[PDB]
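Contents: one structure, followed by commentary.
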Amino acid sequence: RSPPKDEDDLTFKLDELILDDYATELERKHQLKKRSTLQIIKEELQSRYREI
Amino acid sequence: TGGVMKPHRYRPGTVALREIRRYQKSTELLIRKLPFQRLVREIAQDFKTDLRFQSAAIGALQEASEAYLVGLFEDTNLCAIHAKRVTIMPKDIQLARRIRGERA
Amino acid sequence: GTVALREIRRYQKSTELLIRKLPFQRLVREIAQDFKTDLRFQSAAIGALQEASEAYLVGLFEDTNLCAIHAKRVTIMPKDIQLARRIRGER
Amino acid sequence: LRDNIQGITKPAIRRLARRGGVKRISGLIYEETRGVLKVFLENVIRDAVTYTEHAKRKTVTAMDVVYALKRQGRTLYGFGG
Amino acid sequence: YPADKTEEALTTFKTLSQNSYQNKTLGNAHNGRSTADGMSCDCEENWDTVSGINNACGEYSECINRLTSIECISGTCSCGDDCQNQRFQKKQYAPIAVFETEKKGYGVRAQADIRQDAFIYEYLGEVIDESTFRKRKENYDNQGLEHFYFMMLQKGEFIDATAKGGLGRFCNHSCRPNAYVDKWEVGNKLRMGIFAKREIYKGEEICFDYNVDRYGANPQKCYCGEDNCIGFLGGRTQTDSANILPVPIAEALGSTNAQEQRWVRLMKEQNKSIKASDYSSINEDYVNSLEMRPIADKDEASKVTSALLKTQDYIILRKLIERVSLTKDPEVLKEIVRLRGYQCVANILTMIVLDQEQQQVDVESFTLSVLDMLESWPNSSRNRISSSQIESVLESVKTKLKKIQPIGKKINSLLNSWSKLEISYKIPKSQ
Ligand SMILES: Nc1ncnc2c1ncn2[C@@H]1O[C@H](CSCC[C@H](N)C(=O)O)[C@@H](O)[C@H]1O
Ligand SMILES: [Zn+2]
Ligand SMILES: [Zn+2]
Ligand SMILES: [Zn+2]
């Protein structure tokens with residue numbers, strides 16, 4: 001509702017996330033291999049339905 | 001949401017300066033007639049009773065007392081202004097009476 | 001400060017005139033000249049004028065000291081002079 | 001008549017001070033103004049009373065009041081002086 | 001910046017150039033007493049021959065009428081015509097624009113830099129009596145309007161800015177305003193002007209304090225964004241029995257306008273002392289005598305959290321904690337967890353059982369009355385506690401009151417239960 005200077009949305013904060021530790025904890029707790037899925041989610045959140 | 005915004009209050013001195021202009025423009029008596037008449041009778045009772053007081057004598061006494069009090073307050077305002085204040089105090093009244101010679 | 005109290009005590013205990021006679025005499029003659037010329041003066045009239053002016057100035061200085069005391073000061077100022085004169089009724 | 005010095009009420013003395021150009025009023029001044037008004041009224045009333053007593057009368061007239069005031073250097077115009 | 005909405009705002013109402021009167025008697029100065037000796041300033045007219053402008057009665061001039069909030073009238077004052085103290089009559093408003101705000105709707109912004117004490121804009125509207133005001137207020141409440149449009153010109157005389165008025169109706173409330181409303185006398189009439197409290201730059205919003213009398217209306221939350229905001233729009237309520245404690249705090253205790261009425265009606269009218277409206281001093285007897293009912297609404301839980309963050313009184317906190325003990329709705333408790341109720345309960349403990357303004361037995365009763373719901377609330381992760389670290393406070397208070405063994409054993413059970421919980425995983429961030 002109040003984007004910062006020269007930014008359309010807060011999707012740029014996703015690049016600070018450490019997806020590797022999140023994938024490791026997901027694999028430990030739930031036995032899910034989701035390392036590529038976090039990257040796909042990040043790319044889709046940064047730009048919804050790009051032209052691939 | 002039917003509330004009312006309030007007009008707030010005046011600053012201290014604005015209504016004071018207004019009423020200053022109003023009382024300095026108009027000339028009516030500021031002391032109530034009947035309490036002043038009772039006070040004059042109370043003072044006169046201390047010397048000799050059964051003393052009737054004509055209306056013109058009471059009016060002359062009221063006019064003289066108002067003139068004296070207005071002059072004393074003008075002098076006391078000058079005293080307060082001299083002491084870098086805007087509020088008059090009893091010490092200015094006593095000093096004004098002292099320099100005027102009324103108080104020894 | 002000490003010699004101020006010494007002077008106050010000495011002059012308040014003394015009774016002789018503090019204004020010098022000859023300058024005051026010349027001042028009186030100079031003032032009186034412009035009302036009428038070739039004016040003669042008795043000595044007693046000049047002495048009476050001196051005594052009255054000294055008494056008046058002493059009273060004015062006392063009231064001025066009171067005015068100076070009012071303003072939380074110890075030094076008298078010209079504004080005290082015109083305050084005392086204004087309240088006393090001189091113009 | 002018992003202690004009617006309070007009849008000189010606080011708004012009235014405020015008005016009297018206000019005519020003199022005074023902007024602010026201390027809370028302790030009212031008793032002082034009542035006292036000085038009592039003193040002045042006492043003096044003028046005393047002089048008027050002895051003026052009336054010399055005249056062999058029982059009622060103080062305006063002429064005695066104006067005479068007493070003029071004798072105190074407070075000459076009043078408008079009341080038959 | 002935000003797009004201009006000046007014409008769009010103007011189309012929403014009938015624009016007025018001057019105040020309209022329901023009748024010729026209303027709005028007259030001195031309660032209708034015509035001062036035939038109108039107050040004429042002694043200023044000499046100062047005409048600048050180059051510009052042909054009469055500079056008399058200016059801002060830095062010594063015009064007595066200007067100081068006393070009275071406007072000069074042409075043909076009656078020595079200042080002459082077109083003096084610099086005819087701001088209302090000449091309608092010399094400051095240049096302003098309307099812009100749409102994020103939450104407050106339309107708002108007024110300064111199109112130019114405006115000096116201190118400068119006249120901004122004359123508040124315009126219809127001058128109406130009290131009965132007409134009541135009728136219009138009832139009609140607008142039926143219409144569901146969520147905006148104030150009434151200002152008190154004086155006692156018994158109001159100004160309505162709903163259907164007809166000026167740009168001043170779009171000014172929004174600020175708890176630290178840059179402008180203020182003042183009352184002035186123009187001729188035999190009374191006007192309400194808006195003056196600059198400070199120096200205002202171009203583009204900045206122009207705001208004034210509403211100081212609004214609710215007349216019994218419900219509070220409206222204030223979204224001004226000022227740091228000194230009280231959180232609600234309001235002002236001194238009805239003359240007596242209207243409030244004993246602040247609303248959020250009163251509604252936190254389950255009290256309402258009726259319960260705040262009832263206590264004062266039962267005692268003040270029967271020769272027992274209740275002080276004036278002031279929330280700096282808490283009356284413990286009212287809080288003890290208040291009735292308590294369980295909470296089942298999340299806004300009431302938010303008001304409870306605000307009361308915990310605000311009130312310092314021992315007795316109000318006791319009764320709020322007792323009401324929480326009666327409360328058993330899990331969703332309200334989850335909301336309190338989201339509001340971090342444990343954080344507030346830590347300070348509530350500390351003020352009473354670490355700072356000692358009370359007696360040890362009563363503090364022990366308080367501690368036993370506050371450990372129970374802490375034992376009872378649903379908990380699933382120490383991330384909840386980590387937002388408060390209330391366990392540290394519990395250790396400090398069991399160590400201080402070690403002689404009172406029931407408190408120690410209850411805190412033992414509580415920390416044993418809490419230590420079984422895991423911690424919610426939080427994704428590490430790059431550094
Ligand atoms: N700081 C603030 N926070 C929330 N609402 C506000 C506000 N200042 C003003 N308002 C709202 O605006 C009303 C005053 S009328 C102001 C113009 C109106 N909002 C409009 O755009 O048409 C108030 O009654 C309130 O409902
Ligand atoms: Zn003027
Ligand atoms: Zn003018
Ligand atoms: Zn606010």
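FYI, nothing fancy with the structure tokens labels: chains A, B, ... in order, residues from 1 per chain, ligands from 1 as they appear.
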Exercise. Give me, as a ChimeraX atom specification, the contact residues of chain C against chain B at a cut-off of 12 Å, counting only C-alpha atoms.
Key: /C:59-73,77-90
Self-check item: Site check for ligand 4: residues at most 6 Å away, only C-alpha atoms and all ligand atoms, as a list in words
Solution: residues 174, 175, 222, 223, 224, 226, 229, 230 and 231 of chain E
Take the residues from that selection and put them in a file with C-alpha atoms, as a PDB file, in the first residue's frame.
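Below is the file part28.pdb, written as the result:
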ATOM      1  CA  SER E 174      -4.105  16.046  13.231  1.00  0.00           C
ATOM      2  CA  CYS E 175      -3.124  15.433  16.850  1.00  0.00           C
ATOM      3  CA  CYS E 222      -7.581   8.379  14.424  1.00  0.00           C
ATOM      4  CA  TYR E 223      -5.254   7.500  11.523  1.00  0.00           C
ATOM      5  CA  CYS E 224      -3.383  10.827  11.377  1.00  0.00           C
ATOM      6  CA  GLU E 226       1.306  11.638  14.258  1.00  0.00           C
ATOM      7  CA  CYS E 229      -1.757  10.526  18.463  1.00  0.00           C
ATOM      8  CA  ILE E 230      -4.192   9.395  21.158  1.00  0.00           C
ATOM      9  CA  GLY E 231      -5.658   6.819  18.757  1.00  0.00           C
TER      10      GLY E 231
END
Quiz item: Can you tell me which residues sit at most 10 Å away from ligand 3, counting only C-alpha atoms and all ligand atoms, written as a PyMOL selection string?
Solution: chain E and resi 40-45+54-58+63-66+70-74+76-86
Quiz item: Could you name the residues that touch residue 39 (chain A) at 12 Å or less, counting only C-alpha atoms, but leaving out those on the same chain fewer than 4 positions away, as a VMD selection string?
Solution: chain A and resid 14 to 15 17 to 20 22 to 23 34 to 35 43 to 46
Quiz item: region 44-51 of chain D: which residues within 6 Å, counting only C-alpha atoms, same-chain residues fewer than 3 positions away excluded, as a count of residues only?
Solution: 5
Quiz prompt | Contacts of residue 279 (chain E) within 9 Å, only C-alpha atoms, excl. fewer than 4 positions in-chain, as a PyMOL selection string | solution = chain E and resi 244-246
Exercise. Go through the chains and note each residue within 8 Å of ligand 1, using only C-alpha atoms and all ligand atoms, then give the set as a list in words.
Key: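 Those within range of ligand 1 are residues 1 of chain B; 9, 100, 103, 104, 105, 106, 107, 146, 147, 148, 149, 169, 170, 171, 172, 173, 174, 175, 220, 221, 222, 223, 224 and 225 of chain E.
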Quiz prompt | Exercise: residue 24 (chain C) partners within 10 Å, only C-alpha atoms, chain neighbours under 4 positions left out, as a ChimeraX atom specification | solution = /C:19-20,28-30,46-47,49-50
Quiz prompt | Shell of 6 Å around region 202-205 of chain E, only C-alpha atoms, local chain residues under 6 positions omitted, as a count of residues only | solution = 6
Self-check item: Atom-to-atom span, CA of residue 17 (chain C) and CA of residue 44 (chain C), Å
Solution: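 That distance, rounded to one decimal, is 14.2 Å.
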Exercise. Pull the helix (DSSP H, G or I) assignments for region 42-243 of chain E out of DSSP run on the backbone, and list those residues as a ChimeraX atom specification.
Key: /E:64-67,87-90,130-143,167-170
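Straight-line separation from CA of residue 66 (chain D) to CA of residue 17 (chain D): 24.5 Å.
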Quiz prompt | All strand (DSSP E or B) positions in chain B, as number ranges by chain | solution = B: 4-5, 52-53, 87-88
Dump as a PDB file, in the first residue's frame, selection limited to C-alpha atoms:
ATOM      1  CA  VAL B   4     -19.260  18.950  16.715  1.00  0.00           C
ATOM      2  CA  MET B   5     -15.865  20.632  16.461  1.00  0.00           C
ATOM      3  CA  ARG B  52     -30.233  60.017  56.547  1.00  0.00           C
ATOM      4  CA  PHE B  53     -28.338  60.019  53.237  1.00  0.00           C
ATOM      5  CA  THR B  87       0.349  41.901  36.531  1.00  0.00           C
ATOM      6  CA  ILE B  88      -0.262  44.392  39.334  1.00  0.00           C
TER       7      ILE B  88
END
Residues of chain B were defined as contacting chain E if any atom lay at most 8 Å from it, counting only C-alpha atoms; please report them as a PDB file with N, CA and C atoms, in the first residue's frame.
ATOM      1  N   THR B   1     -21.434   9.580  13.380  1.00  0.00           N
ATOM      2  CA  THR B   1     -20.435  10.635  13.262  1.00  0.00           C
ATOM      3  C   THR B   1     -21.096  12.007  13.198  1.00  0.00           C
ATOM      4  N   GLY B   2     -21.894  12.316  14.216  1.00  0.00           N
ATOM      5  CA  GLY B   2     -22.590  13.584  14.292  1.00  0.00           C
ATOM      6  C   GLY B   2     -21.955  14.590  15.230  1.00  0.00           C
ATOM      7  N   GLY B   3     -20.680  14.387  15.567  1.00  0.00           N
ATOM      8  CA  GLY B   3     -20.015  15.236  16.535  1.00  0.00           C
ATOM      9  C   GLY B   3     -19.789  16.651  16.036  1.00  0.00           C
ATOM     10  N   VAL B   4     -19.434  17.526  16.976  1.00  0.00           N
ATOM     11  CA  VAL B   4     -19.260  18.950  16.715  1.00  0.00           C
ATOM     12  C   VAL B   4     -17.837  19.349  17.083  1.00  0.00           C
ATOM     13  N   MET B   5     -17.181  20.082  16.185  1.00  0.00           N
ATOM     14  CA  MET B   5     -15.865  20.632  16.461  1.00  0.00           C
ATOM     15  C   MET B   5     -16.003  21.889  17.316  1.00  0.00           C
ATOM     16  N   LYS B   6     -15.126  22.011  18.343  1.00  0.00           N
ATOM     17  CA  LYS B   6     -15.316  23.133  19.251  1.00  0.00           C
ATOM     18  C   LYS B   6     -14.523  24.356  18.793  1.00  0.00           C
ATOM     19  N   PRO B   7     -15.039  25.563  19.049  1.00  0.00           N
ATOM     20  CA  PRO B   7     -14.327  26.786  18.656  1.00  0.00           C
ATOM     21  C   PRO B   7     -13.149  27.144  19.545  1.00  0.00           C
ATOM     22  N   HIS B   8     -12.878  26.341  20.584  1.00  0.00           N
ATOM     23  CA  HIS B   8     -11.826  26.542  21.581  1.00  0.00           C
ATOM     24  C   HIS B   8     -12.054  27.846  22.337  1.00  0.00           C
ATOM     25  N   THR B  14      -6.792  38.820  25.023  1.00  0.00           N
ATOM     26  CA  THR B  14      -7.623  39.282  23.911  1.00  0.00           C
ATOM     27  C   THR B  14      -8.962  39.816  24.408  1.00  0.00           C
ATOM     28  N   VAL B  15      -9.670  39.017  25.215  1.00  0.00           N
ATOM     29  CA  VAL B  15     -10.928  39.461  25.801  1.00  0.00           C
ATOM     30  C   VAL B  15     -10.659  40.532  26.850  1.00  0.00           C
ATOM     31  N   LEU B  17      -8.217  42.881  26.526  1.00  0.00           N
ATOM     32  CA  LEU B  17      -8.043  44.123  25.768  1.00  0.00           C
ATOM     33  C   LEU B  17      -9.358  44.617  25.175  1.00  0.00           C
ATOM     34  N   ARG B  18     -10.232  43.687  24.774  1.00  0.00           N
ATOM     35  CA  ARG B  18     -11.568  44.037  24.302  1.00  0.00           C
ATOM     36  C   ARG B  18     -12.349  44.775  25.381  1.00  0.00           C
TER      37      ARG B  18
END
Quiz prompt | Distance of CA of residue 332 (chain E) from CA of residue 257 (chain E), expressed in Å to one decimal place | solution =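 One can read the CA of residue 257 (chain E) to CA of residue 332 (chain E) distance as 23.2 Å.
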